[PDB]
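work-v6.txt follows (compact mmCIF, C-alpha atoms and all ligand atoms):
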# COMPACT_ATOMS: atom_id res chain seq x y z
CA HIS A 3 -28.38 -47.13 -36.47
CA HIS A 4 -26.36 -43.93 -35.81
CA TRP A 5 -23.67 -43.49 -33.12
CA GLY A 6 -24.63 -42.43 -29.63
CA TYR A 7 -24.09 -43.34 -25.99
CA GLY A 8 -26.34 -46.44 -25.62
CA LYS A 9 -25.43 -50.20 -25.19
CA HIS A 10 -25.84 -50.80 -28.90
CA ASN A 11 -24.28 -47.63 -30.37
CA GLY A 12 -21.94 -46.29 -27.61
CA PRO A 13 -18.19 -45.63 -27.54
CA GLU A 14 -17.13 -49.30 -27.84
CA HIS A 15 -18.96 -49.47 -31.20
CA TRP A 16 -17.70 -46.24 -32.79
CA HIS A 17 -14.63 -47.84 -34.40
CA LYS A 18 -16.83 -49.75 -36.89
CA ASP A 19 -17.97 -46.49 -38.63
CA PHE A 20 -14.91 -44.40 -37.52
CA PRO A 21 -11.74 -46.58 -37.50
CA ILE A 22 -9.66 -43.57 -36.27
CA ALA A 23 -11.34 -44.41 -32.90
CA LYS A 24 -8.34 -46.79 -32.39
CA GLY A 25 -5.81 -44.12 -33.58
CA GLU A 26 -2.59 -42.75 -32.18
CA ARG A 27 -3.89 -39.47 -30.68
CA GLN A 28 -7.45 -40.09 -29.39
CA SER A 29 -9.19 -38.16 -26.64
CA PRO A 30 -10.07 -37.99 -23.85
CA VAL A 31 -7.24 -39.38 -21.67
CA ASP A 32 -6.47 -39.82 -18.01
CA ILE A 33 -4.22 -37.05 -16.76
CA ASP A 34 -1.65 -38.65 -14.48
CA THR A 35 -0.62 -35.57 -12.49
CA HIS A 36 2.67 -37.11 -11.27
CA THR A 37 3.78 -38.09 -14.88
CA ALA A 38 2.77 -34.71 -16.49
CA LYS A 39 5.89 -32.59 -16.86
CA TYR A 40 6.11 -28.90 -16.10
CA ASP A 41 7.11 -27.12 -19.32
CA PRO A 42 8.58 -23.74 -18.20
CA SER A 43 8.51 -22.67 -21.92
CA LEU A 44 4.62 -22.82 -22.06
CA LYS A 45 3.02 -19.31 -22.07
CA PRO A 46 0.09 -18.14 -19.98
CA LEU A 47 -3.12 -18.78 -21.77
CA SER A 48 -4.76 -15.65 -23.30
CA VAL A 49 -8.57 -15.94 -23.17
CA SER A 50 -10.07 -12.79 -24.82
CA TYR A 51 -13.89 -13.17 -24.55
CA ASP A 52 -14.88 -9.46 -23.96
CA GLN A 53 -16.47 -9.09 -27.48
CA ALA A 54 -17.95 -12.64 -27.65
CA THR A 55 -21.25 -12.71 -29.58
CA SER A 56 -23.47 -15.72 -28.65
CA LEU A 57 -26.28 -16.40 -31.12
CA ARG A 58 -28.18 -19.58 -30.42
CA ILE A 59 -28.45 -22.73 -28.30
CA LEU A 60 -29.09 -26.09 -30.06
CA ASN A 61 -29.93 -29.60 -28.82
CA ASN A 62 -28.08 -31.72 -31.46
CA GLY A 63 -29.13 -35.11 -30.00
CA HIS A 64 -25.69 -35.64 -28.31
CA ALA A 65 -25.34 -32.48 -26.16
CA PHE A 66 -26.39 -28.83 -26.40
CA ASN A 67 -24.18 -26.28 -28.17
CA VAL A 68 -24.10 -22.56 -27.35
CA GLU A 69 -23.01 -21.12 -30.71
CA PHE A 70 -21.08 -17.92 -31.36
CA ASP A 71 -20.61 -15.52 -34.29
CA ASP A 72 -17.13 -16.62 -35.51
CA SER A 73 -17.20 -14.46 -38.71
CA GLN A 74 -14.71 -12.02 -37.04
CA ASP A 75 -11.91 -12.11 -34.35
CA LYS A 76 -14.34 -11.39 -31.44
CA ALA A 77 -13.66 -14.17 -28.88
CA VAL A 78 -10.19 -15.74 -29.23
CA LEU A 79 -7.83 -18.08 -27.50
CA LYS A 80 -4.08 -17.58 -27.94
CA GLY A 81 -0.83 -18.21 -26.08
CA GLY A 82 -0.27 -21.29 -23.96
CA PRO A 83 0.89 -24.11 -26.29
CA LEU A 84 -0.77 -22.44 -29.33
CA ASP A 85 0.79 -20.84 -32.42
CA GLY A 86 -1.53 -18.08 -33.80
CA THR A 87 -5.16 -17.20 -33.06
CA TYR A 88 -8.06 -19.60 -32.45
CA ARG A 89 -11.67 -18.31 -32.67
CA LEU A 90 -14.47 -19.45 -30.36
CA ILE A 91 -17.24 -21.21 -32.33
CA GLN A 92 -19.28 -23.02 -29.64
CA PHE A 93 -19.27 -24.50 -26.18
CA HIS A 94 -20.98 -27.59 -24.85
CA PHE A 95 -20.82 -30.00 -21.90
CA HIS A 96 -20.62 -33.72 -21.20
CA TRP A 97 -22.27 -34.99 -18.00
CA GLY A 98 -23.35 -38.04 -16.01
CA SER A 99 -26.46 -39.70 -14.69
CA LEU A 100 -24.86 -39.38 -11.18
CA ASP A 101 -22.48 -36.77 -9.67
CA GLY A 102 -19.74 -39.52 -9.56
CA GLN A 103 -19.26 -39.54 -13.35
CA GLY A 104 -19.70 -37.35 -16.44
CA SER A 105 -16.32 -35.90 -17.33
CA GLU A 106 -14.37 -37.17 -20.33
CA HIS A 107 -10.88 -36.37 -19.08
CA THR A 108 -10.00 -37.80 -15.70
CA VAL A 109 -7.33 -36.61 -13.21
CA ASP A 110 -5.49 -39.52 -11.54
CA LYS A 111 -8.56 -41.62 -12.58
CA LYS A 112 -10.95 -39.14 -10.78
CA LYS A 113 -14.18 -38.46 -12.74
CA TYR A 114 -15.89 -35.10 -12.34
CA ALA A 115 -19.69 -34.58 -12.58
CA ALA A 116 -19.35 -32.83 -15.94
CA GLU A 117 -16.87 -31.20 -18.35
CA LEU A 118 -17.23 -27.96 -20.36
CA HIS A 119 -15.62 -27.79 -23.80
CA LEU A 120 -14.98 -24.33 -25.34
CA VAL A 121 -14.25 -25.09 -28.98
CA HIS A 122 -11.96 -22.83 -31.05
CA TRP A 123 -10.59 -23.08 -34.59
CA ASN A 124 -7.25 -21.90 -36.00
CA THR A 125 -7.88 -18.78 -38.12
CA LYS A 127 -5.06 -19.74 -40.55
CA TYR A 128 -7.46 -22.40 -41.99
CA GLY A 129 -10.29 -19.97 -42.73
CA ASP A 130 -13.25 -21.96 -41.31
CA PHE A 131 -14.09 -24.75 -38.89
CA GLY A 132 -14.68 -27.41 -41.61
CA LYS A 133 -11.17 -26.87 -43.05
CA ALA A 134 -9.58 -26.61 -39.57
CA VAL A 135 -10.80 -30.10 -38.47
CA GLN A 136 -8.77 -31.63 -41.38
CA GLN A 137 -5.51 -30.28 -39.86
CA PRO A 138 -3.44 -31.61 -36.95
CA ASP A 139 -3.39 -28.13 -35.35
CA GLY A 140 -6.89 -27.12 -36.48
CA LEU A 141 -8.72 -26.84 -33.13
CA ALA A 142 -8.02 -25.79 -29.57
CA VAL A 143 -10.49 -27.07 -27.01
CA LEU A 144 -10.45 -25.52 -23.53
CA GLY A 145 -11.72 -28.13 -21.09
CA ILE A 146 -13.04 -27.19 -17.65
CA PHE A 147 -14.19 -29.69 -15.02
CA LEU A 148 -17.46 -29.23 -13.10
CA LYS A 149 -17.92 -30.42 -9.52
CA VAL A 150 -21.19 -30.27 -7.57
CA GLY A 151 -21.26 -27.77 -4.67
CA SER A 152 -22.09 -24.05 -4.80
CA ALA A 153 -24.04 -22.75 -7.82
CA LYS A 154 -22.21 -21.09 -10.71
CA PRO A 155 -24.18 -17.84 -11.21
CA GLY A 156 -22.83 -17.40 -14.77
CA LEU A 157 -24.25 -20.82 -15.78
CA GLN A 158 -27.85 -20.06 -14.74
CA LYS A 159 -28.88 -18.33 -18.02
CA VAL A 160 -27.95 -21.58 -19.83
CA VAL A 161 -29.83 -23.75 -17.26
CA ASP A 162 -32.98 -21.64 -17.58
CA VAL A 163 -33.26 -21.98 -21.44
CA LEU A 164 -32.89 -25.80 -21.49
CA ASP A 165 -36.67 -26.35 -21.09
CA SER A 166 -37.03 -24.65 -24.54
CA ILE A 167 -34.62 -27.15 -26.26
CA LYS A 168 -35.62 -30.39 -24.55
CA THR A 169 -35.45 -32.57 -27.63
CA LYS A 170 -33.11 -33.25 -30.58
CA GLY A 171 -33.18 -30.58 -33.32
CA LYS A 172 -34.67 -27.82 -31.13
CA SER A 173 -32.91 -24.46 -31.00
CA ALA A 174 -33.52 -21.16 -29.27
CA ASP A 175 -32.15 -17.63 -29.65
CA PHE A 176 -29.38 -17.16 -27.06
CA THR A 177 -27.84 -13.68 -27.41
CA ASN A 178 -25.60 -11.69 -25.02
CA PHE A 179 -24.32 -14.72 -23.06
CA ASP A 180 -20.88 -14.02 -21.58
CA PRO A 181 -18.69 -17.15 -21.46
CA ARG A 182 -16.27 -15.38 -19.02
CA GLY A 183 -18.83 -16.33 -16.31
CA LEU A 184 -17.95 -20.05 -16.81
CA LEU A 185 -14.16 -19.74 -16.11
CA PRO A 186 -12.43 -20.61 -12.83
CA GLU A 187 -10.07 -18.11 -11.14
CA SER A 188 -6.84 -19.89 -12.25
CA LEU A 189 -5.82 -20.59 -15.89
CA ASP A 190 -3.22 -23.26 -14.83
CA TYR A 191 -3.57 -26.13 -17.35
CA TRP A 192 -2.39 -29.40 -18.79
CA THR A 193 -2.00 -29.77 -22.56
CA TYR A 194 -1.60 -32.64 -25.06
CA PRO A 195 -2.35 -33.38 -28.72
CA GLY A 196 -5.61 -35.28 -29.24
CA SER A 197 -8.91 -35.61 -31.03
CA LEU A 198 -12.59 -34.81 -31.09
CA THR A 199 -14.24 -36.95 -28.39
CA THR A 200 -17.29 -37.61 -30.64
CA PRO A 201 -17.46 -39.04 -34.13
CA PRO A 202 -15.87 -38.28 -36.49
CA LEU A 203 -13.05 -38.45 -33.84
CA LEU A 204 -10.73 -36.38 -36.03
CA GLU A 205 -7.15 -35.96 -34.71
CA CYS A 206 -7.17 -32.14 -34.99
CA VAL A 207 -7.23 -30.89 -31.35
CA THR A 208 -4.72 -29.21 -29.08
CA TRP A 209 -6.35 -29.98 -25.71
CA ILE A 210 -5.96 -27.41 -22.93
CA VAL A 211 -7.50 -28.77 -19.68
CA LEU A 212 -7.71 -26.38 -16.72
CA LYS A 213 -6.58 -27.76 -13.33
CA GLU A 214 -9.17 -25.78 -11.30
CA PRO A 215 -12.75 -27.06 -11.61
CA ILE A 216 -15.79 -24.78 -11.44
CA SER A 217 -18.52 -25.54 -8.89
CA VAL A 218 -22.13 -25.89 -10.02
CA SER A 219 -25.14 -26.73 -7.85
CA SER A 220 -26.97 -30.06 -7.74
CA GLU A 221 -30.04 -28.20 -9.09
CA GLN A 222 -28.03 -26.89 -12.10
CA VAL A 223 -26.78 -30.36 -13.15
CA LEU A 224 -30.21 -31.94 -12.49
CA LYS A 225 -31.55 -29.57 -15.20
CA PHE A 226 -28.93 -30.86 -17.68
CA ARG A 227 -30.23 -34.41 -16.93
CA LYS A 228 -33.80 -33.44 -17.95
CA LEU A 229 -32.74 -32.95 -21.56
CA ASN A 230 -33.55 -35.67 -24.12
CA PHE A 231 -31.44 -37.49 -26.75
CA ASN A 232 -34.69 -38.18 -28.71
CA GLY A 233 -36.67 -35.92 -30.99
CA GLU A 234 -40.16 -34.61 -30.02
CA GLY A 235 -42.79 -37.36 -30.34
CA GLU A 236 -40.18 -40.12 -29.86
CA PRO A 237 -39.76 -42.37 -26.79
CA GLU A 238 -38.10 -40.29 -24.00
CA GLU A 239 -34.42 -41.11 -23.44
CA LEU A 240 -32.76 -38.80 -20.94
CA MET A 241 -29.58 -37.05 -22.14
CA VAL A 242 -27.18 -38.38 -19.52
CA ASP A 243 -23.78 -40.12 -19.70
CA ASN A 244 -22.87 -38.41 -22.99
CA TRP A 245 -19.13 -38.89 -22.26
CA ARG A 246 -16.45 -41.00 -23.97
CA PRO A 247 -14.15 -42.83 -21.49
CA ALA A 248 -10.39 -42.29 -21.33
CA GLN A 249 -8.41 -43.62 -24.32
CA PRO A 250 -4.83 -44.94 -24.42
CA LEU A 251 -2.15 -42.24 -24.16
CA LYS A 252 0.18 -44.11 -26.61
CA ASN A 253 3.18 -42.07 -27.69
CA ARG A 254 2.13 -38.80 -25.99
CA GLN A 255 3.34 -36.58 -23.16
CA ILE A 256 1.00 -34.37 -21.15
CA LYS A 257 2.65 -31.04 -20.29
CA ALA A 258 1.77 -28.86 -17.25
CA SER A 259 1.85 -25.03 -17.30
CA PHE A 260 2.49 -25.00 -13.52
CA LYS A 261 4.71 -26.50 -10.77
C1 LIG B 1 -19.87 -35.14 -33.49
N1 LIG B 1 -19.71 -33.80 -34.00
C2 LIG B 1 -20.39 -33.52 -35.27
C3 LIG B 1 -19.76 -32.27 -35.83
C4 LIG B 1 -18.70 -32.59 -36.85
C5 LIG B 1 -19.00 -33.38 -37.96
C6 LIG B 1 -18.07 -33.55 -38.97
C7 LIG B 1 -16.83 -32.95 -38.88
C8 LIG B 1 -16.51 -32.21 -37.76
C9 LIG B 1 -17.43 -32.04 -36.75
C10 LIG B 1 -19.09 -32.73 -33.39
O1 LIG B 1 -19.42 -31.58 -33.60
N2 LIG B 1 -18.13 -33.06 -32.49
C11 LIG B 1 -17.28 -32.16 -31.81
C12 LIG B 1 -17.01 -30.90 -32.32
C13 LIG B 1 -16.19 -30.05 -31.64
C14 LIG B 1 -15.64 -30.41 -30.41
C15 LIG B 1 -15.89 -31.68 -29.91
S1 LIG B 1 -15.11 -32.16 -28.38
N3 LIG B 1 -16.15 -33.06 -27.55
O2 LIG B 1 -14.80 -30.94 -27.64
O3 LIG B 1 -13.97 -32.96 -28.73
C16 LIG B 1 -16.70 -32.57 -30.61
NA NA B 2 4.51 -34.36 -8.63
ZN ZN B 3 -16.95 -32.12 -26.02

Could you quickly redo this structure as structure tokens?
Amino acid sequence: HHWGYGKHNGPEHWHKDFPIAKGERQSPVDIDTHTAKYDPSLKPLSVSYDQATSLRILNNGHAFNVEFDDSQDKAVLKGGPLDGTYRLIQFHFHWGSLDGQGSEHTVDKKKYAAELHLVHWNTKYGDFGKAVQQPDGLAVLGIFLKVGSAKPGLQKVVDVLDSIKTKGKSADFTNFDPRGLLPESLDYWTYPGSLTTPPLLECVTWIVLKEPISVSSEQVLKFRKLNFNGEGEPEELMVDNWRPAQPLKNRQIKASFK
């Protein structure tokens, strides 16, 4: 009886195995755009993905992860609210059963169709497993998806998903360029938070871009054909794999822009 996104094991249950679910810096949150304060001291984000080395795509039963070689400084996030250098390890998405829901963060209570998470770890902690034990261990770049025009740089991901339909399946996924998933503007909001899945560790500097990317209805429909189940198990579509907004508590969301 493992955690997931169903009636019996969804987000309102997670606190029983992971009491930090009711903690002081949980994610995601609603971004109230009028309450966020412009912080003129925040730096432009530096996203250096030219040498990114993708390896593999995995259906882990909760989402799919596009994994990167993080054994060298090859794809890094720096600047913005961050001290030091954070290395890209993986990206994944959260999405809905309907275009009206799917994102984890909300903007003035608006839900997007999906949300991309580019996960990075602080190189001063040596590896990802040590970094998630630290309050500044991770930096997650969050990008909203809206349904409209196709995102050409997403299509190589969409086309491999038939090969990883079910939990525990993986496929080689080399030479994928995550620069094709970024919007034009790097304007962002930032706050201290957590992983949005168990174990819900409070180790994340969240950086949420203001500008969504557009994907097509056909692209998101292909996400919704994935399965939470393993092969030879009853089919349960991988949809609504998002945690709802959590209380802000004693936190301030800062804006990089006016
Ligand atoms: C649920 N797990 C299992 C992996 C795990 C297990 C033990 C320790 C640490 C990590 C997981 O990988 N979550 C996760 C990881 C990175 C980013 C995000 S998100 N959605 O961007 O906040 C969620
Ligand atoms: Na305002
Ligand atoms: Zn995520």

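CA of residue 42 in chain A to CA of residue 259 in chain A spans 6.9 Å [interatomic distance, one decimal].
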
(request) Give the answer as one residue: which of A:165, A:75, A:34, A:180 has the shortest atom-to-atom distance to residue 108 in chain A, using only C-alpha atoms? (result) A:34

Find the spatial neighbours of residue 148 in chain A, counting all atoms listed in the file, within a cut-off of 9 Å - ignore same-chain residues fewer than 5 positions away - and output them as a PDB file with C-alpha atoms, keeping the file's coordinate frame.
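Contents of the output file part18.pdb:
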ATOM      1  CA  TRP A  97     -22.270 -34.990 -18.000  1.00  0.00           C
ATOM      2  CA  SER A 105     -16.320 -35.900 -17.330  1.00  0.00           C
ATOM      3  CA  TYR A 114     -15.890 -35.100 -12.340  1.00  0.00           C
ATOM      4  CA  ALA A 115     -19.690 -34.580 -12.580  1.00  0.00           C
ATOM      5  CA  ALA A 116     -19.350 -32.830 -15.940  1.00  0.00           C
ATOM      6  CA  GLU A 117     -16.870 -31.200 -18.350  1.00  0.00           C
ATOM      7  CA  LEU A 118     -17.230 -27.960 -20.360  1.00  0.00           C
ATOM      8  CA  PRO A 215     -12.750 -27.060 -11.610  1.00  0.00           C
ATOM      9  CA  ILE A 216     -15.790 -24.780 -11.440  1.00  0.00           C
ATOM     10  CA  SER A 217     -18.520 -25.540  -8.890  1.00  0.00           C
ATOM     11  CA  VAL A 218     -22.130 -25.890 -10.020  1.00  0.00           C
TER      12      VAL A 218
END

(request) Residues within 12 Å of ligand NA 2 (chain B), counting all atoms listed in the file: report them as a VMD selection string. (result) chain A and resid 34 to 40 110 258 260 to 261

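Nearest to residue 161 in chain A of all the residues A:227, A:69, A:16, A:182 is A:227, based on all atoms listed in the file.
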
(request) Go through A:14, A:187, A:71, A:205 one by one, measure the shortest atom-to-atom distance of each to ligand LIG 1 (chain B) using only C-alpha atoms and all ligand atoms, and give the residue with the smallest value. (result) A:205

(request) Compute the set of protein, DNA and RNA residues whose minimum atom distance to ligand ZN 3 (chain B) is at most 8 Å, using all atoms listed in the file, and state it as a PyMOL selection string. (result) chain A and resi 93-96+117-119+198-200
